[PDB]
There are 4 protein chains.
Amino acid sequence: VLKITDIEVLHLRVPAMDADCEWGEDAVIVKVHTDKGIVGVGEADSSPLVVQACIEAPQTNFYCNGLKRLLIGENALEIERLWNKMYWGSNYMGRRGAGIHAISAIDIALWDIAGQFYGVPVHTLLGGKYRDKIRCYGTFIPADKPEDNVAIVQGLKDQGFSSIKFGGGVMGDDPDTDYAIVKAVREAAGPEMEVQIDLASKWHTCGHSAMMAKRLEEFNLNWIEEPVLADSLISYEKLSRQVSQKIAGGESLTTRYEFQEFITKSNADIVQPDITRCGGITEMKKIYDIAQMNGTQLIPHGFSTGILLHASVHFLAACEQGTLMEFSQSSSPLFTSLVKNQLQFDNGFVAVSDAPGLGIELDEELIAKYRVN
Amino acid sequence: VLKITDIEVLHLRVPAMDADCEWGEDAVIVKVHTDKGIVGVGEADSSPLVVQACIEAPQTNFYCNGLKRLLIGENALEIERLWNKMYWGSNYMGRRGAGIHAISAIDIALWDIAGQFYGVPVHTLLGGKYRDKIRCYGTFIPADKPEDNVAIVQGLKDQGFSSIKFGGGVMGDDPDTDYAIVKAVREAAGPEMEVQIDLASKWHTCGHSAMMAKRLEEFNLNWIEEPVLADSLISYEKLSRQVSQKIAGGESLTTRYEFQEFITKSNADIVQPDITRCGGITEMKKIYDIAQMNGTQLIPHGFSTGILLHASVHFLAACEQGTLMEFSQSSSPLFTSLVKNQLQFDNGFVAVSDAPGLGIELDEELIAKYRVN
Amino acid sequence: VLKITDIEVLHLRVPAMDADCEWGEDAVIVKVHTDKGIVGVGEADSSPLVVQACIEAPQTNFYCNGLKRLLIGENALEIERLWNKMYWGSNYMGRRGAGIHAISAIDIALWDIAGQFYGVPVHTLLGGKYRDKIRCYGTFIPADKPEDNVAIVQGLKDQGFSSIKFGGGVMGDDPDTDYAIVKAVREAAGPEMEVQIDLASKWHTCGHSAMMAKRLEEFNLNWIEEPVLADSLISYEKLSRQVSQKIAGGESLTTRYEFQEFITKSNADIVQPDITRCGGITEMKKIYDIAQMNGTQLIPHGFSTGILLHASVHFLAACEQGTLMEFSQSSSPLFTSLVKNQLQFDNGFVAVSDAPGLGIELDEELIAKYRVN
Amino acid sequence: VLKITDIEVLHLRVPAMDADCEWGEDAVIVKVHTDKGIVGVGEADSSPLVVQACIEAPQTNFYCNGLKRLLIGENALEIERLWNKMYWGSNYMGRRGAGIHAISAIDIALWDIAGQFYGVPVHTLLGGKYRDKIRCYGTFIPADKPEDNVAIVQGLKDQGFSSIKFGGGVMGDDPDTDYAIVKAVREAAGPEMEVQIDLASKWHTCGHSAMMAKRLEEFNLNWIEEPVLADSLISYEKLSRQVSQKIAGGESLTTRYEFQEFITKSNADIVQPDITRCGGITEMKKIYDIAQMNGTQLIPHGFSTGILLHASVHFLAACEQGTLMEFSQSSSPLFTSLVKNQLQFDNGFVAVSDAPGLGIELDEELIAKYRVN
Ligand SMILES: [Mg+2]
Ligand SMILES: [Mg+2]
Ligand SMILES: [Mg+2]
Ligand SMILES: [Mg+2]
């Protein structure tokens with residue numbers, strides 16, 4: 001039987017431990033080692049220090065063990081049983097939130113392991129591939145001055161993007177400033193392009209979100225992502241009845257339970273689990289099933305490294321409705337270079353890899369360079 | 001204009017990191033330091049390494065800061081605004097679970113500070129005390145042999161306990177054993193005593209749960225605690241339609257959002273937030289209001305140190321319906337001795353402290369002896 | 001301990017006791033006296049004679065005591081416990097309506113007392129301030145002839161108001177007269193200004209309200225306040241499904257219970273408790289929490305004296321979503337001059353006061369002048 | 001063309017203003033005077049000072065007039081239009097609570113006038129009498145010692161009471177005492193008697209309430225009255241799903257709106273409007289219709305003077321299901337002697353009066369003796 005022999009956690013960071021940090025300038029990656037010398041790689045988009053503690057923690061009580069402790073000596077191929085072992089065994093400190101992000105990383109690595117052991121791409125183990133490539137949308141953080149975004153938008157257009165998302169930075173702060181940035185990007189993109197917006201909850205309330213949506217209705221937005229916090233399922237529901245554009249959310253949620261509540265109560269058009277936060281590939285499978293039962297489109301969230309990319313691609317290839325992925329752009333060495341043989345965006349699409357497991361080879365020299373721990 | 005100058009996390013432990021650990025043999029306490037020399041003390045009943053990481057974490061992104069970074073230089077008196085700053089600022093890594101445990105500890109410390117600063121017990125800041133002492137119930141892990149339990153029951157009877165709870169260990173596993181443990185405890189306690197069971201999710205399904213509910217209807221139990229996992233709200237509701245006894249749960253939940261769902265969808269009679277997990281005193285207050293609006297009894301959960309105890313007593317004293325508290329006991333030096341002037345169980349009841357803040361003086365010798373960090 | 005020693009009720013009136021009276025030409029204010037010589041000031045926007053009787057009443061039965069009787073000798077700092085004491089103790093004559101207005105006045109004065117005793121502004125005790133000033137909207141009673149409102153609107157525009165509300169007088173009487181007044185104010189204000197209307201229930205029925213709303217839809221009204229009586233929650237709900245503009249109501253309601261029913265059943269966009277009617281600052285806190293849970297915007301109602309103003313400002317400063325206040329305009333000496341150091345509207349905003357308690361000094365000479373009792 | 005010329009409020013009292021007072025030692029009665037010499041009598045079971053203020057109040061605003069000002073010069077026969085004029089005209093200070101108590105008194109007086117004017121008993125104006133007498137139940141405050149109660153039960157048995165209610169005093173406080181009081185009363189009355197309890201909200205929560213419901217299932221109580229406060233409709237509904245006995249409440253509510261909510265959301269078996277609080281005879285009629293539509297039994301609440309008694313009998317006589325009335329007794333001269341020709345309890349029953357109006361002649365000597373104003 002294939003036995004787990006070690007779990008290795010690697011904190012990677014680009015700026016200083018006291019300095020500021022954007023999305024994608026740090027990472028936490030896990031290597032699961034087995035007795036046959038198959039290593040699986042996963043990651044979590046979460047706080048690296050916290051994820052590390054969830055994995056490396058000792059026993060606190062019978063329902064509170066660090067994840068490494070529960071998994072050394074275990075049968076790596078039995079992925080779902082191990083998911084349930086980690087979930088129960090770390091339940092006191094996990095169950096929702098950071099502990100589930102830790103589980104996601106390990107689960108992803110276990111799927112990598114199984115694919116390599118069995119000699120098949122993960123998409124085969126998930127049921128088989130429906131497509132040889134996946135359509136992407138590109139994302140950017142918008143420039144403070146509205147008309148300075150034309151250069152960014154045009155830069156994505158000749159890259160081949162037929163769909164774009166923007167938000168963060170100073171997005172949501174001024175109704176007039178919000179209007180002027182959305183103006184300058186639709187004009188720069190033309191009337192064929194899909195344009196969607198992400199507020200990262202910055203419109204705060206239901207009323208401010210609805211007023212802003214009718215004013216931006218002329219620009220024909222494809223969706224409006226996280227106008228408010230996903231805590232208020234009532235606020236989402238109420239926005240759905242009163243807005244014309246699609247509503248998207250869900251990226252910060254963890255486990256099938258939170259997704260089941262979101263999907264059925266928010267009346268969102270689009271649900272966006274992150275494969276490295278939600279519980280991993282195993283959990284994402286169950287979340288997809290719930291979405292399908294409810295007529296909700298699942299478009300995964302994610303921007304970290306090639307590990308998230310390879311996991312998300314393998315997952316979507318295996319979905320009948322896996323027709324759209326987020327492909328975010330960064331100059332960070334962690335995004336561009338950590339995975340040596342990284343899948344590349346190419347004229348509107350990313351190709352599906354058929355290599356065993358997740359098809360990940362890590363840049364070992366780069367690990368040595370940015371290793372905090 | 002009291003400013004926060006430092007947040008000091010103390011990991012305490014009795015056995016070694018590689019060794020076995022039960023409820024109460026480790027703790028994570030937080031000291032919040034101000035520029036006027038007053039210190040506030042809080043704790044989190046969770047994994048000490050994870051809570052430490054939540055507090056000490058650097059910036060990862062705009063919604064992902066460790067708590068300490070968000071709080072140095074802030075006005076300590078502005079407790080609810082600071083709760084929201086932490087909730088928002090750590091949202092990506094927190095929101096539910098481990099991050100909220102870390103928030104709970106700090107929140108508790110901030111209340112302790114405000115009390116000292118204002119020269120009044122926390123119960124006055126919470127609205128004023130309804131009682132001079134609080135009725136307690138006692139808890140035990142039952143011995144494997146059913147006939148061995150008569151000495152533990154009697155031991156609690158000698159202390160003055162009019163109400164007792166048992167669970168954990170071999171409770172839950174075998175239905176015949178379960179019956180044999182419940183047999184010996186009602187007989188040893190007599191018909192006078194309130195007797196409650198806590199299965200810690202070990203009956204697994206409502207089908208297995210409902211069978212024992214008709215079986216032990218002759219033993220007249222006060223409540224049945226966590227028959228299944230609180231993840232299945234439907235399983236709880238279904239139990240409430242066919243069970244004679246009262247249903248209790250909720251100890252592992254975090255934020256008013258999880259409690260609002262549990263309270264309204266589970267039809268449980270009793271909700272059990274832990275003050276050191278749910279979000280702290282600030283959040284506990286909101287959870288109390290929701291419980292009141294829905295006719296649900298709030299009996300807090302908690303067993304760690306005198307910190308949890310002092311916070312729970314100050315809370316319940318200020319609640320119109322704050323009429324019952326868990327008083328679990330251990331010989332563990334972290335429970336008995338960390339808080340110097342610790343409130344004592346006394347013939348059925350724990351007295352309400354009127355000292356300013358939470359009335360907590362820490363055994364500084366003991367801290368040095370048992371600190372891991 | 002800080003003990004209540006007296007409760008002093010002052011009926012102030014501008015015109016004769018047999019003459020007509022507009023909004024703001026009479027007031028009832030309460031002074032709560034303590035043994036440390038701290039006086040707290042509150043008021044109720046209600047009938048002065050009735051409020052006075054609720055406070056000064058003797059015992060009628062065990063659940064029917066005047067409020068003064070329940071509070072002399074009590075511990076003033078224990079505000080929420082005293083709220084519950086008054087609520088239970090006056091339940092037979094109070095519970096809803098005028099008795100709750102009486103409670104509001106006292107509760108406001110108790111918060112004033114606590115702030116002074118502790119040496120902090122009330123906004124600190126409510127959780128801390130989110131903003132140094134609060135955006136206001138101005139209100140006026142419209143002139144009978146439509147085009148005579150231009151002078152009023154322009155008068156508010158150079159005052160700095162970016163948002164205006166009008167109603168009362170002859171508002172709601174004629175569909176053509178209603179249309180012509182709304183015409184002449186939007187033209188006078190321009191297309192940038194927020195313009196909202198208040199009918200004070202004068203459209204009577206659901207059908208008349210809906211027909212009038214589509215005809216005024218061109219003028220882009222920010223909200224429609226109280227089209228019908230808030231008794232018919234069904235009428236509000238039905239209007240929400242069929243109207244484009246925001247629906248506001250709630251000003252006449254009392255206690256969390258009426259607000260919970262309104263908020264959840266009316267599907268109103270905006271809920272408007274009056275801090276001097278709803279149960280006071282204590283109750284308003286619980287009403288805010290309910291609004292937040294349901295995605296409903298809370299915009300306080302109020303126009304009486306500086307006492308209501310100072311209470312509402314302290315409250316909103318302490319709300320994460322306290323972004324808008326009603327600032328009504330009157331020439332009445334009670335509005336302009338009763339509070340000596342009154343906060344002033346200044347170019348679109350009112351500044352937040354940091355003085356201890358509510359920051360209220362009463363014009364004692366003015367009290368002597370208009371004192372009926 | 002009968003015109004109202006005066007409304008005369010009479011505050012009556014037995015002990016002094018500073019002294020103790022129980023149910024029935026004060027009253028507030030209203031005389032409505034017409035220009036044709038006929039006088040109508042009503043009362044309000046509420047605080048006499050507050051009801052007086054509600055009636056005698058000046059104008060405060062357009063929706064805030066004292067009732068007397070709204071009614072002088074009006075056509076007394078137009079009772080329902082006058083109810084609506086008062087409801088609307090005092091809405092700001094009334095709407096629920098004390099203002100509706102003041103309306104109730106006047107409404108009752110107007111019915112008394114119409115009856116005299118038309119030469120027919122009020123029961124004819126209400127639709128016509130179904131019965132010549134009404135079955136009564138009797139009430140007592142139980143003596144502290146459980147064994148002392150056997151003489152009171154027997155005392156009521158001697159009078160002819162086939163149905164009895166007890167509560168107040170020390171009822172509610174201690175569960176063992178509660179059981180010991182209920183023990184002695186079923187035994188003293190025998191199995192024949194209908195026995196009911198009224199806790200006056202003193203069981204506080206449904207958890208405490210439901211335990212006694214299984215406990216006293218052997219005593220076969222006719223109903224359990226107001227176990228908790230009627231504010232928590234959810235608490236009532238939850239009690240109805242698990243209680244053997246019938247649930248009663250509603251005595252403190254005002255207007256068809258509160259009753260509609262209580263009746264439909266509480267799942268109570270019995271609703272108890274007080275004719276002198278709920279809105280008067282006019283409103284009671286509407287509340288009866290709602291109760292009928294929902295299968296809810298209406299048993300009126302009331303203990304004050306012969307005014308309440310004469311109004312309640314005239315009401316119930318005209319109801320198809322007006323088959324049970326509360327007949328509480330006191331030695332108090334306001335109860336026994338204010339109404340000269342007072343209807344008498346007679347061997348189980350109170351006879352129906354056919355005199356025009358309410359058949360009320362007031363003891364004018366007694367008025368002079370006990371008037372406060
Ligand atoms: Mg997003
Ligand atoms: Mg438990
Ligand atoms: Mg209004
Ligand atoms: Mg009663």
# chains A, B, ... in the order shown; residues from 1 in each chain; ligands from 1

$ interface_residues --of "chain A" --to "chain B" --cutoff "7 Å" --atoms "only C-alpha atoms" --output "number ranges by chain"
A: 17-18, 20-23, 26, 46-47, 49-50, 53-54, 57-62, 92-98, 231, 252, 257

$ residues_near_ligand --ligand "ligand 2" --cutoff "12 Å" --atoms "only C-alpha atoms and all ligand atoms" --output "PyMOL selection string"
(chain A and resi 63+92) or (chain B and resi 23+139-141+165-168+196-202+223-230+247-253+270-274+299-303+326+328)

$ select_by_dssp --residues "region 145-259 of chain D" --states "strand (DSSP E)" --output "count of residues only"
17

$ atom_distance --atom1 "CA of residue 124 (chain B)" --atom2 "CA of residue 87 (chain B)"
25.5 Å

$ residues_around --residues "residue 298 (chain C)" --least-positions-apart "6" --cutoff "12 Å" --atoms "only C-alpha atoms" --output "ChimeraX atom specification"
/A:205-207 /C:248-251,259,263,268-275,284-292,312,315-316,319-326

$ select_by_dssp --residues "region 49-255 of chain D" --states "alpha helix (DSSP H)" --output "PyMOL selection string"
chain D and resi 49-56+67-71+79-89+98-118+122-125+150-159+175-189+206-215+233-240+255

$ atom_distance --atom1 "CA of residue 238 (chain D)" --atom2 "CA of residue 240 (chain B)"
10.9 Å
